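First the structure, in the form of structure tokens, and then the observations on it.
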2 protein chains.
Amino acid sequence: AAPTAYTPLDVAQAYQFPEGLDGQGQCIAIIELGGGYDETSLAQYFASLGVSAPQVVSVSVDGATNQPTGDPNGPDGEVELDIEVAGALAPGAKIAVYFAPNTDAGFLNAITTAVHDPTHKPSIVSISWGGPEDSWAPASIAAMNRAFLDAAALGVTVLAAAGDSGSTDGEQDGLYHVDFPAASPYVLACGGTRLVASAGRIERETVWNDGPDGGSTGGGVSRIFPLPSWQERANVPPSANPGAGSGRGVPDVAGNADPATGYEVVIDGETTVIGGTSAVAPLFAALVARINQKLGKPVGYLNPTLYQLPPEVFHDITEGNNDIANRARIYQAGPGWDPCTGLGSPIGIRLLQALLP
Amino acid sequence: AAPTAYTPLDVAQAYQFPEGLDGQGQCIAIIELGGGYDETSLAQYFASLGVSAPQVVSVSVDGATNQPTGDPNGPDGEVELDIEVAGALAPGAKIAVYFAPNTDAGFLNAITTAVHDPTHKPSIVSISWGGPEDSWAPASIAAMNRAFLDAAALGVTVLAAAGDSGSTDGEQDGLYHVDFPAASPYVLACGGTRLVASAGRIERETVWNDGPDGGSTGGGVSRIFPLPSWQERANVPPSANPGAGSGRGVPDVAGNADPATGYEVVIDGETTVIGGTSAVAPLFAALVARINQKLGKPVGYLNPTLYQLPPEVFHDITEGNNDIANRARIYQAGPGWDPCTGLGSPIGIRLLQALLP
Ligand SMILES: [Ca+2]
Ligand SMILES: [Ca+2]
């Protein structure tokens, strides 16, 4: 019950990230709609972990720029968490941070700008911003989903945090909701767990659920995207919302997100702990950068492949639920894919081995 | 009964430290967060014991310096005890004393400065400062623990006193607590005993427990660090705190710490007796310096090896408990590893014999 924290290297070790690979030759794009980062925090942090610091550059979209507010509890926490987690684990990769206005067009423009960027040429895009899929204008959902389909066609992996307010995703309208962009079938949706691990083993990994006050992983069944062909054997349940419905199941994978077993980071000069699914997209972006480095070619769109890989590639989470609204336990983890943690946490070395011919 | 005192050489003889070795060629780093030493007490002391005085140098971390307050009952007692015990027993070693501000960053920076020091190049770091593991900010525990993981990877042994306020570690919150850094699985946690010995034999060795007013050795079960793989056969009991979880057992080894059978030292020119687990980390740091001298390479991280060594390498403490809060005898010593004294007191020559191929 005592709160703990890990450096990103400890979590990568627990998930058996492949050794001897650092993302050299890869560029990870990170999307930001507010805040900024300062070089002092990044340099202190990377030095503290003993890793050669990755090059980090900012890209302005629609007039937005890298502008830290200086408040460790503000958006700088998101920006610096993203860079510190991805950068500490794929320090050989180049990191390009795209800043855009916090509008639907700005979010879309940041994604399309990164995906098609001929200067930075990212092979991976990490996204830790989002909102309930049914709170978005339908036109915006369509445009962003098409941008993600385009990234898949181009061989660019797009990862997105699944949410921090459980199965209701922050809405109090008597229904369950999944977050977008995680709900897009073209995005690798990243859920969250409470991880108890040491260098040699995972002692326990359960659904992240700290109640209404502490947050919980997003997850559920989309009301907008049909169940994908490649997800039809995952046993995604019907939606818990009356009238139910078959839909794309969220998330696809999951990793440590509980702030109570969180990430030690340096935000605006302050050493602290941050969690949330915001950390999981950059964590797995670094894993993908390592895998791409070894393969010599980008894995791009991974979802169809992940769902047909052998079970041994994942650590199945089976205990917990992501309900923070009521006592119904919607949804619950269980054997195999579930709407709290998807396929579970990847075992890095096994995922790499499964992707090599 | 009657209070006694030993010179450090008498304790080393009781524990059969290997003869003919003095740590020549080694450097022992000693971390300090306050106080200071004066050459007069040190020169007087080493000369008085007939050992060639080791070179002792101070290193300033974050602007902190060697600043004795002159009060023999103040922090100078800690600084001078550490140097006098380690230096008297490994006089051939060079001693580097790192002074840092008494803050979480200062403690961390002293440790990383010493571990990575290209000028002093210590192979051993002795720490006699600490606090309840759950009283520390989780981010600081994570940073500190990773610094100790780094030291293990680099072949640097890190030893820490387990505490002087029994199984509750100075807290009055109805819970039992272990001290950090001793709780880190990467640190050799040093507990305390009451030793009745002469040059040729140990007549009695029991858990150090002089009640609330006299102090008692720290020890117990971590609420933060899982039970290490190498410690799973030690029979660490479930924690006495509610939930009765499994966790890293403290301490790993133990040595004389009872002030009533304490160490005769000279603090700020005053010849006196000082005990506590503060003395045990420097005592065993000197043992490790002698062993490193003989092996020709540093033993570095010792914990995994210690727990699989033959039982004859240790003197098993089986009598006593470290409870100074109530009558429950939590925790209690017994055959084999226990949460008061760990594997017991090392038998120097046997430990050295076991480490040579
Ligand atoms: Ca599952
Ligand atoms: Ca024992």
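Both ligands and their constituent atoms are indexed starting at 1 by order of listing. Proteins come first, then strands; the chains are lettered A, B, ... in the order of their sequence lines, and each starts at number 1.
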If I take every N, O or S atom of A:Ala333, is at least one of them less than 3.0 Å from the Ca ion (ligand 1)?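 Not a single backbone or side-chain N, O or S atom of A:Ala333 is under 3.0 Å from the Ca ion (ligand 1).
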Metal proximity, A:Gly334 vs the Ca ion (ligand 1), N/O/S cut-off 3.0 Å: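 Yes - counting backbone and side chain alike, A:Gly334 has an N, O or S atom under 3.0 Å.
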With respect to the Ca ion (ligand 2), please indicate if B:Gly336 possesses an N, O or S atom at a distance under 3.0 Å.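 Yes, B:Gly336 qualifies, because one of its backbone or side-chain N, O or S atoms lies under 3.0 Å.
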Using 30° and 60° as the class limits, which term best fits the ring planes of B:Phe225 and B:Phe180: parallel, tilted or perpendicular?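 Ring orientation, 0 to 90° scale: parallel.
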Enter the distance from A:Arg290:CZ to A:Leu287:CG here, rounded to the nearest 0.5 Å.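 Here the interatomic distance stands at 8.0 Å.
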Among side-chain atoms of B:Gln13 and B:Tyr6, is any donor-acceptor pair under 3.5 angstrom?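 Side-chain D/A pair, B:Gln13 to B:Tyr6: absent.
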Hey, are A:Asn256 and A:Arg194 close enough side-chain-wise for a donor-acceptor pair under 3.5 Å?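 No, no side-chain donor-acceptor contact under 3.5 Å.
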Closest approach to the Ca ion (ligand 2) by B:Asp316, given as the N, O or S atom name: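 Nearest N/O/S atom of B:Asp316: OD1.
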Check this for me, if you would: do A:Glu203 and B:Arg248 make a salt bridge, where the nitrogen-to-carboxylate-oxygen distance has to be below 4.0 angstrom?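 So A:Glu203 does not pair with B:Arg248 through a salt bridge.
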Tell me the angle that OD2 of A:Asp338 and O of A:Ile317 form around the Ca ion (ligand 1), rounded to 10°.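 Vertex the Ca ion (ligand 1), arms to OD2 of A:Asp338 and O of A:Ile317: 90°.
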